[PDB]
file entry-v1.txt (compact mmCIF, C-alpha atoms)
# COMPACT_ATOMS: atom_id res chain seq x y z
CA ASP D 7 18.22 -15.46 -6.80
CA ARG D 8 15.97 -12.76 -8.36
CA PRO D 9 17.30 -9.75 -10.32
CA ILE D 10 15.35 -6.57 -9.43
CA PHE D 11 15.26 -6.90 -5.59
CA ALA D 12 19.07 -6.78 -5.66
CA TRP D 13 19.27 -4.03 -8.33
CA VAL D 14 17.02 -1.82 -6.17
CA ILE D 15 19.26 -2.34 -3.12
CA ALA D 16 22.19 -1.25 -5.30
CA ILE D 17 20.44 1.91 -6.58
CA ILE D 18 20.04 3.13 -2.98
CA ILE D 19 23.85 3.19 -2.92
CA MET D 20 23.92 4.90 -6.34
CA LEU D 21 22.23 7.74 -4.45
CA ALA D 22 23.12 7.57 -0.68
CA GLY D 23 26.82 7.10 -1.52
CA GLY D 24 26.85 9.58 -4.40
CA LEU D 25 24.80 12.17 -2.45
CA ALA D 26 27.34 12.07 0.40
CA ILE D 27 29.95 13.28 -2.12
CA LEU D 28 27.76 16.39 -2.61
CA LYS D 29 27.58 16.89 1.19
CA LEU D 30 30.84 15.88 2.97
CA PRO D 31 34.24 17.63 3.18
CA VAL D 32 36.38 17.26 0.03
CA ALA D 33 39.36 18.45 2.16
CA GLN D 34 43.01 17.42 2.67
CA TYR D 35 44.56 15.48 5.59
CA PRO D 36 42.14 15.33 8.57
CA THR D 37 42.75 16.59 12.12
CA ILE D 38 45.60 14.68 13.81
CA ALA D 39 47.81 17.10 15.76
CA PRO D 40 46.46 17.03 19.35
CA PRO D 41 44.61 20.37 19.36
CA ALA D 42 46.02 23.34 21.30
CA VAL D 43 45.25 26.90 22.41
CA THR D 44 47.56 29.95 22.21
CA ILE D 45 47.76 32.98 24.52
CA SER D 46 49.33 36.20 23.20
CA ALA D 47 49.93 39.54 24.97
CA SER D 48 51.97 42.58 23.91
CA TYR D 49 53.88 45.06 26.09
CA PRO D 50 55.13 47.63 23.53
CA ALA F 401 -1.50 9.95 10.67
CA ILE F 402 -4.83 8.79 12.18
CA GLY F 403 -6.05 8.35 8.61
CA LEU F 404 -3.12 6.36 7.17
CA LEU F 405 -3.33 3.99 10.14
CA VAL F 406 -6.92 2.71 10.18
CA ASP F 407 -6.35 2.48 6.42
CA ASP F 408 -3.80 -0.25 7.22
CA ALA F 409 -6.01 -1.77 9.95
CA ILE F 410 -9.34 -1.96 8.04
CA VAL F 411 -7.80 -3.89 5.13
CA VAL F 412 -6.36 -7.00 6.86
CA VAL F 413 -9.60 -7.18 8.92
CA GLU F 414 -12.13 -7.11 6.06
CA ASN F 415 -9.90 -9.25 3.81
CA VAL F 416 -10.50 -12.11 6.24
CA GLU F 417 -14.21 -11.23 6.12
CA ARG F 418 -14.35 -11.92 2.36
CA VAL F 419 -12.65 -15.31 2.83
CA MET F 420 -15.37 -16.22 5.38
CA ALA F 421 -18.24 -15.83 2.88
CA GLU F 422 -16.72 -15.88 -0.62
CA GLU F 423 -15.54 -19.28 0.64
CA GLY F 424 -17.48 -19.58 3.93
CA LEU F 425 -14.75 -20.42 6.46
CA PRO F 426 -14.16 -18.71 9.87
CA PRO F 427 -10.95 -20.24 11.23
CA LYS F 428 -7.23 -19.54 11.76
CA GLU F 429 -6.34 -20.81 8.26
CA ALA F 430 -8.62 -18.21 6.62
CA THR F 431 -6.69 -15.49 8.49
CA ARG F 432 -3.49 -17.23 7.34
CA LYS F 433 -4.15 -17.50 3.59
CA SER F 434 -5.82 -14.06 3.42
CA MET F 435 -2.62 -12.14 4.23
CA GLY F 436 -0.82 -14.53 1.93
CA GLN F 437 -2.61 -12.33 -0.62
CA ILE F 438 -1.75 -9.12 1.33
CA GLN F 439 1.65 -9.58 3.08
CA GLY F 440 3.35 -8.72 -0.22
CA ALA F 441 1.58 -5.34 -0.38
CA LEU F 442 1.76 -4.21 3.31
CA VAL F 443 5.61 -4.15 3.37
CA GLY F 444 6.08 -2.80 -0.17
CA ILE F 445 3.59 0.04 0.47
CA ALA F 446 5.44 0.76 3.74
CA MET F 447 8.70 1.18 1.78
CA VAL F 448 7.28 3.75 -0.70
CA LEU F 449 5.45 5.80 1.92
CA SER F 450 8.88 5.56 3.63
CA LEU Z 851 23.96 54.14 -7.03
CA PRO Z 852 27.12 56.21 -6.30
CA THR Z 853 30.61 54.80 -5.65
CA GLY Z 854 31.42 53.12 -2.34
CA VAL Z 855 27.85 51.89 -1.83
CA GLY Z 856 27.19 48.14 -2.07
CA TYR Z 857 24.60 45.87 -0.45
CA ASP Z 858 23.94 42.71 1.57
CA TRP Z 859 20.80 40.82 2.64
CA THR Z 860 20.08 41.00 6.36
CA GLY Z 861 19.08 38.79 8.03
CA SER Z 863 15.07 36.82 4.34
CA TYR Z 864 16.23 34.20 3.82
CA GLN Z 865 18.79 31.51 3.25
CA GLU Z 866 16.86 29.03 1.11
CA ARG Z 867 13.05 28.73 1.17
CA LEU Z 868 10.32 26.17 0.72
CA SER Z 869 8.53 26.69 -2.52
CA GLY Z 870 11.99 27.52 -3.86
CA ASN Z 871 14.97 25.17 -4.22
CA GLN Z 872 13.62 22.88 -1.47
CA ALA Z 873 10.15 21.59 -2.50
CA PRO Z 874 11.29 20.45 -5.98
CA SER Z 875 14.44 18.50 -4.82
CA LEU Z 876 12.19 16.92 -2.14
CA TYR Z 877 9.42 15.62 -4.45
CA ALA Z 878 12.10 14.93 -7.09
CA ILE Z 879 13.90 12.48 -4.77
CA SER Z 880 10.57 11.25 -3.35
CA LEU Z 881 9.86 9.93 -6.87
CA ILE Z 882 13.26 8.30 -7.60
CA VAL Z 883 12.43 6.21 -4.52
CA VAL Z 884 8.66 5.24 -4.70
CA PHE Z 885 9.31 3.88 -8.23
CA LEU Z 886 11.76 1.69 -6.25
CA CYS Z 887 10.20 -0.70 -3.72
CA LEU Z 888 7.71 -1.01 -6.60
CA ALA Z 889 10.30 -3.26 -8.12
CA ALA Z 890 11.85 -4.57 -4.89
CA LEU Z 891 8.50 -6.40 -4.46
CA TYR Z 892 7.27 -6.48 -8.10
CA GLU Z 893 9.65 -6.66 -11.14
CA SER Z 894 8.41 -5.25 -14.49
CA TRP Z 895 8.47 -1.88 -16.20
CA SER Z 896 4.72 -1.28 -15.95
CA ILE Z 897 3.64 -1.90 -12.33
CA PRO Z 898 5.23 1.35 -11.08
CA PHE Z 899 4.12 3.57 -13.99
CA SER Z 900 0.59 2.54 -12.96
CA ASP J 951 -1.68 -12.12 -7.89
CA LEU J 952 -4.62 -13.34 -9.99
CA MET J 953 -2.84 -12.74 -13.33
CA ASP J 954 0.13 -14.85 -12.20
CA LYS J 955 -0.48 -17.62 -9.56
CA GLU J 956 -4.10 -18.13 -10.79
CA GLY J 957 -5.21 -17.51 -14.43
CA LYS J 958 -4.41 -14.79 -16.98
CA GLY J 959 -7.37 -12.41 -17.16
CA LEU J 960 -6.03 -10.17 -19.94
CA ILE J 961 -8.69 -7.66 -18.88
CA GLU J 962 -10.63 -10.17 -16.70
CA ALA J 963 -8.13 -10.17 -13.80
CA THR J 964 -7.96 -6.38 -13.38
CA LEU J 965 -11.77 -6.58 -13.28
CA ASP J 966 -11.99 -9.77 -11.19
CA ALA J 967 -9.77 -8.08 -8.58
CA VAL J 968 -12.02 -5.00 -8.45
CA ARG J 969 -15.25 -6.90 -8.10
CA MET J 970 -13.66 -8.18 -4.85
CA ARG J 971 -12.30 -5.06 -3.03
CA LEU J 972 -14.16 -1.81 -3.77
CA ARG J 973 -15.16 -2.58 -0.15
CA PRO J 974 -11.88 -1.63 1.68
CA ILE J 975 -11.19 1.42 -0.54
CA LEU J 976 -14.58 3.04 0.16
CA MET J 977 -14.57 1.68 3.74
CA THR J 978 -11.26 3.34 4.60
CA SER J 979 -11.43 6.56 2.54
CA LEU J 980 -14.93 7.36 3.85
CA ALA J 981 -13.70 6.51 7.38
CA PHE J 982 -10.99 9.03 6.43
CA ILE J 983 -12.87 12.21 5.31
CA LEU J 984 -15.30 11.78 8.25
CA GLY J 985 -12.24 11.50 10.53
CA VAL J 986 -10.84 14.57 8.74
CA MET J 987 -14.25 16.31 9.16
CA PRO J 988 -13.80 18.13 12.52
CA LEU J 989 -10.74 20.10 11.26
CA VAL J 990 -12.14 21.35 7.92
CA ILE J 991 -14.71 23.43 9.78
CA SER J 992 -16.56 22.59 13.07
CA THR J 993 -13.54 23.89 15.00
CA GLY J 994 -13.13 27.53 13.96
CA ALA J 995 -10.92 29.54 16.35
CA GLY J 996 -8.92 27.24 18.67
CA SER J 997 -6.49 26.49 15.86
CA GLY J 998 -7.06 27.88 12.37
CA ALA J 999 -4.28 25.46 11.35
CA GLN J 1000 -6.87 22.65 11.54
CA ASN J 1001 -8.60 24.29 8.55
CA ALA J 1002 -5.31 24.56 6.61
CA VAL J 1003 -4.70 20.79 6.92
CA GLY J 1004 -8.09 19.12 6.40
CA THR J 1005 -9.19 21.34 3.49
CA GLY J 1006 -6.33 20.07 1.30
CA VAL J 1007 -7.02 16.35 1.86
CA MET J 1008 -10.82 16.27 1.84
CA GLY J 1009 -10.13 17.73 -1.60
CA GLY J 1010 -7.61 14.99 -2.40
CA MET J 1011 -9.83 12.14 -1.17
CA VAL J 1012 -13.11 13.16 -2.80
CA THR J 1013 -11.00 13.17 -5.97
CA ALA J 1014 -8.95 10.09 -4.95
CA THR J 1015 -11.52 7.29 -4.60
CA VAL J 1016 -14.25 8.78 -6.82
CA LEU J 1017 -11.69 8.69 -9.66
CA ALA J 1018 -9.10 6.00 -8.83
CA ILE J 1019 -11.90 3.43 -8.47
CA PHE J 1020 -13.25 4.71 -11.78
CA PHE J 1021 -12.92 6.85 -14.94
CA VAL J 1022 -9.24 7.78 -14.86
CA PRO J 1023 -6.50 5.18 -14.55
CA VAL J 1024 -5.98 2.57 -11.77
CA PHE J 1025 -7.46 0.04 -14.25
CA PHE J 1026 -6.70 1.88 -17.47
CA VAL J 1027 -3.06 2.11 -16.33
CA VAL J 1028 -2.25 -1.59 -15.92
CA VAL J 1029 -4.07 -2.23 -19.22
CA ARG J 1030 -1.81 -0.10 -21.48
CA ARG J 1031 1.41 -0.33 -19.39
CA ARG J 1032 1.63 -4.06 -18.57
CA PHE J 1033 -0.22 -5.39 -21.64
CA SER J 1034 -0.24 -3.89 -25.20
CA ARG J 1035 3.41 -4.98 -25.78
CA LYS J 1036 5.76 -6.53 -23.15
CA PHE L 513 -31.43 -4.85 5.93
CA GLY L 514 -31.83 -2.91 2.68
CA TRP L 515 -28.44 -1.40 3.38
CA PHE L 516 -26.64 -4.63 2.29
CA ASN L 517 -28.97 -5.47 -0.64
CA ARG L 518 -28.22 -1.94 -1.91
CA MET L 519 -24.41 -2.18 -1.62
CA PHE L 520 -24.15 -5.57 -3.37
CA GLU L 521 -26.20 -4.09 -6.23
CA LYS L 522 -24.06 -0.96 -6.94
CA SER L 523 -20.82 -2.97 -6.58
CA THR L 524 -22.04 -5.71 -8.93
CA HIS L 525 -24.07 -3.59 -11.40
CA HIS L 526 -23.75 -0.24 -11.92
CA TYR L 527 -20.09 -0.32 -11.01
CA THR L 528 -18.43 -3.56 -12.30
CA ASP L 529 -20.53 -3.46 -15.53
CA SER L 530 -19.68 0.19 -16.20
CA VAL L 531 -16.09 -0.96 -15.48
CA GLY L 532 -16.05 -3.39 -18.40
CA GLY L 533 -17.51 -0.38 -20.22
CA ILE L 534 -14.62 1.96 -19.39
CA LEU L 535 -12.07 -0.81 -20.13
CA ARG L 536 -13.90 -1.34 -23.45
CA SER L 537 -12.94 2.21 -24.41
CA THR L 538 -9.40 3.52 -23.83
CA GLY L 539 -8.41 6.52 -25.95
CA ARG L 540 -11.25 8.71 -24.64
CA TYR L 541 -10.40 8.23 -20.95
CA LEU L 542 -6.67 8.80 -21.66
CA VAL L 543 -7.54 12.03 -23.48
CA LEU L 544 -9.45 12.81 -20.25
CA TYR L 545 -6.46 11.95 -18.00
CA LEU L 546 -4.35 14.60 -19.75
CA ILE L 547 -7.26 17.07 -19.75
CA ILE L 548 -7.00 16.61 -15.96
CA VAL L 549 -3.22 17.20 -15.78
CA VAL L 550 -3.36 20.33 -18.00
call {"tool": "encode", "arguments": {"input": "entry-v1.txt", "output": "structure tokens"}}
result
Amino acid sequence: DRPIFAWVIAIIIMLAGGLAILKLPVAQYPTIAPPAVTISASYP
Amino acid sequence: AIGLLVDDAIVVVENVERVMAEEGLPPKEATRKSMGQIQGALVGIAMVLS
Amino acid sequence: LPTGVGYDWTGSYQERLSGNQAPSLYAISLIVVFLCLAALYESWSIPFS
Amino acid sequence: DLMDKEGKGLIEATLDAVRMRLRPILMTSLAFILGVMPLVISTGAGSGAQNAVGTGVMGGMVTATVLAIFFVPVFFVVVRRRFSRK
Amino acid sequence: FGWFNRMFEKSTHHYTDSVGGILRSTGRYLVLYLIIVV
């Protein structure tokens, strides 16, 4: 079709996508263990 | 906003008004071929203000 | 000052508005704008106008 | 539009376009300004914020049509940027 | 109405003629554009 209209759609993703990398967790494995709470007393 | 709002209204209105004088012609098809000249702007200006 | 005396900013600002914000905002606001003046135009003159 | 679709107008399409639309620029902008008028002063104690807004656009509309329709680019731009080379 | 007669003068004269005049020059009104930015 035409060049620029497509190239401008792609440059949104050059940002948007890229800018998410400077804003979302670089971390390891995500949460998967069904989350739990822990009680803890102490009778010395 | 009120400003950049009648700014968008005024234009399409008076751009018909030139077509019905510059080439004296009231009807629907003046309205039609007037924002053939404008439609291109309108959306593009809405995507830079955006 | 003497030993065992540091500091910390209660409580002013975190990042302000003339500061690291305003720039970044306008900055991005340009990298767009120049676009969509290209998505309806094609050149390298239209947008610099 | 003129330059393409119609004829060239090396400098006679930038002009020919003007000619036919100083109307809507000075019809809107002046309908601005006047619409911005009751905040710049007029009101003067209900909200002093009204003065903070309108004073910095009245400024940038006086110097936005009486300038962009004239003297400094918005005619001079397209000349040197589009033409002159490629 | 005068009103209209007036407006079609300025626009045609007076503006558009002094517009071919500004487009005739170039380097002076660019020197002015930067003078503004400064």
call {"tool": "interface_residues", "arguments": {"input": "entry-v1.txt", "of": "chain L", "to": "chain J", "cutoff": "8 Å", "atoms": "all atoms listed in the file", "output": "VMD selection string"}}
result
chain L and resid 523 to 524 528 531 to 532 534 to 535 538 541 to 542 544 to 545
call {"tool": "residues_around", "arguments": {"input": "entry-v1.txt", "residues": "residue 887 (chain Z)", "least_positions_apart": "5", "cutoff": "8 Å", "atoms": "only C-alpha atoms", "output": "ChimeraX atom specification"}}
result
/D:14 /F:444-445,447-448 /Z:892
call {"tool": "interface_residues", "arguments": {"input": "entry-v1.txt", "of": "chain Z", "to": "chain J", "cutoff": "10 Å", "atoms": "all atoms listed in the file", "output": "list in words"}}
result
residues 894, 895, 896, 897, 898, 899 and 900 of chain Z
call {"tool": "residues_around", "arguments": {"input": "entry-v1.txt", "residues": "residue 1014 (chain J)", "least_positions_apart": "3", "cutoff": "12 Å", "atoms": "only C-alpha atoms", "output": "PyMOL selection string"}}
result
chain J and resi 975-976+978-980+982-983+1007-1011+1017-1024
call {"tool": "closest_residue", "arguments": {"input": "entry-v1.txt", "among": "D:11, D:49, D:44, D:22", "to": "chain F", "atoms": "all atoms listed in the file"}}
result
D:11
call {"tool": "residues_around", "arguments": {"input": "entry-v1.txt", "residues": "region 406-419 of chain F", "least_positions_apart": "2", "cutoff": "6 Å", "atoms": "all atoms listed in the file", "output": "PyMOL selection string"}}
result
(chain F and resi 403-404+421-423+431+434) or (chain J and resi 974+978)
call {"tool": "write_last_selection", "arguments": {"input": "entry-v1.txt", "atoms": "C-alpha atoms", "output": "CSV table (one decimal), in the coordinates of the input"}}
result
chain,number,residue,atom,x,y,z
F,403,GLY,CA,-6.0,8.4,8.6
F,404,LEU,CA,-3.1,6.4,7.2
F,421,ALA,CA,-18.2,-15.8,2.9
F,422,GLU,CA,-16.7,-15.9,-0.6
F,423,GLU,CA,-15.5,-19.3,0.6
F,431,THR,CA,-6.7,-15.5,8.5
F,434,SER,CA,-5.8,-14.1,3.4
J,974,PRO,CA,-11.9,-1.6,1.7
J,978,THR,CA,-11.3,3.3,4.6
call {"tool": "interface_residues", "arguments": {"input": "entry-v1.txt", "of": "chain Z", "to": "chain D", "cutoff": "12 Å", "atoms": "only C-alpha atoms", "output": "count of residues only"}}
result
15
call {"tool": "atom_distance", "arguments": {"input": "entry-v1.txt", "atom1": "CA of residue 437 (chain F)", "atom2": "CA of residue 952 (chain J)"}}
result
9.6 Å
call {"tool": "atom_distance", "arguments": {"input": "entry-v1.txt", "atom1": "CA of residue 977 (chain J)", "atom2": "CA of residue 441 (chain F)"}}
result
18.1 Å
call {"tool": "atom_distance", "arguments": {"input": "entry-v1.txt", "atom1": "CA of residue 402 (chain F)", "atom2": "CA of residue 987 (chain J)"}}
result
12.4 Å
call {"tool": "residues_around", "arguments": {"input": "entry-v1.txt", "residues": "residue 1000 (chain J)", "least_positions_apart": "3", "cutoff": "6 Å", "atoms": "all atoms listed in the file", "output": "count of residues only"}}
result
3
